[PDB]
Structures are given as C-alpha cells and as structure tokens.
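One chain is shown next in structure tokens, namely the form deposited in one PDB entry.
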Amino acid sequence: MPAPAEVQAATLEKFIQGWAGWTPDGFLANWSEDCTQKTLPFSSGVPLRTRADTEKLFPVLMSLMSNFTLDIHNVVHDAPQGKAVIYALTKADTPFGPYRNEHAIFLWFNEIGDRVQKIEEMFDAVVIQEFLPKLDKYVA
C-alpha cells in the first residue's frame, strides 16, 4: 500500500523546496538511495539516470546557472497510487545568456512516503545531453 496521503504531500513539498534551494545535497536528500530519473519522451532514447549519475551532473550544472528560480505552475497528487506530477518553470542566468526550461515531472513515492523513488521528466534536455558532455566529458 502507499504511504499516508499527508506524508506523501509533505514529501512533495520538501522535494519542491530542495529543488528551489538549488544545492546538490539539499535536493538529492529527497531522493531515495535507489531513485532513478528518466528523460521523456521515451522516443528520445535518453538513458535512465541513476542517483549516482545525477550526483555527478548537478554540481557543475547548478554552479553554471546563477540566480536560479523555480515556479510551480501545477501540482497533481494521486495519494491512492503514491504518485504525483509537477509542472514547473525554471530560469537562471548563465555566461552564455538566460536559461529557461519547463518540466512535466512525474513522481513516485517510496513506501514510507518520505522520499521520491522514481522520476520521469518531460523537459528540454539539450543542456544535459549536448552541453554538459562538451564542457565536462571531453575537457576533463
């Protein structure tokens, strides 16, 4: 069975606050140790990211985006299924100009309800898929 609705809702709130706080350890504190992220659409074939993969990504990214803002546009919470969706808009400044993105992010809670266990995320993945490998993989 899913966790109590009230706990799931609190975890959804904390997940958003950890995202808004724009620190690696603050945001990932709300991910379970086994949590995965999957970029949507499936047709893009972007490989699943483990928690470890996201731990390598988020430091250099979050550093590159200054004045990060997170605006929550829609939250849909299905407590009987232990699932939720957020629609969010993000903005930041970068050395190359302003950054904007929007995210339809599907969440599943763990059984206790105090972590997110699975993430599927429809968003513009160009920075992750195209930019980071250049300034990260090849340079190092």
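Here, rigid core means the biggest group of C-alpha atoms that superpose within 1.5 Å across both forms. Residue indices: 1-based, along the sequence shown. Only residues modelled in both forms are compared.
The following text describes the form deposited with a small molecule bound, which does not appear among the structures shown.
*Within 4.5 Å of the small molecule in the bound PDB entry, counting heavy atoms only, one of 71-79, 56-64, 40-48, 110-118 shows up; tell me which.*
Going through the listed ranges, the match is 56-64.
_Contact label in the bound PDB entry: residue 103 to the small molecule, heavy atom within 4.5 Å_ = Heavy-atom contact with the small molecule at 4.5 Å: present for residue 103.
_Taking any heavy atom pair closer than or equal to 4.5 Å as contact, tell me whether residue 99 reaches the small molecule in the bound PDB entry._
Within the cut-off, so yes.
*Quick one: does residue 9 come within 4.5 Å of the small molecule in the bound PDB entry, counting heavy atoms only?*
The answer is no: residue 9 has no heavy atom within 4.5 Å of the small molecule.
_Counting only residues modelled in both forms, where do runs of 3+ with a CA shift of at least 2 Å appear between this form and the one not shown, relative to the core?_
Shifted segment: 135-140, the only one.
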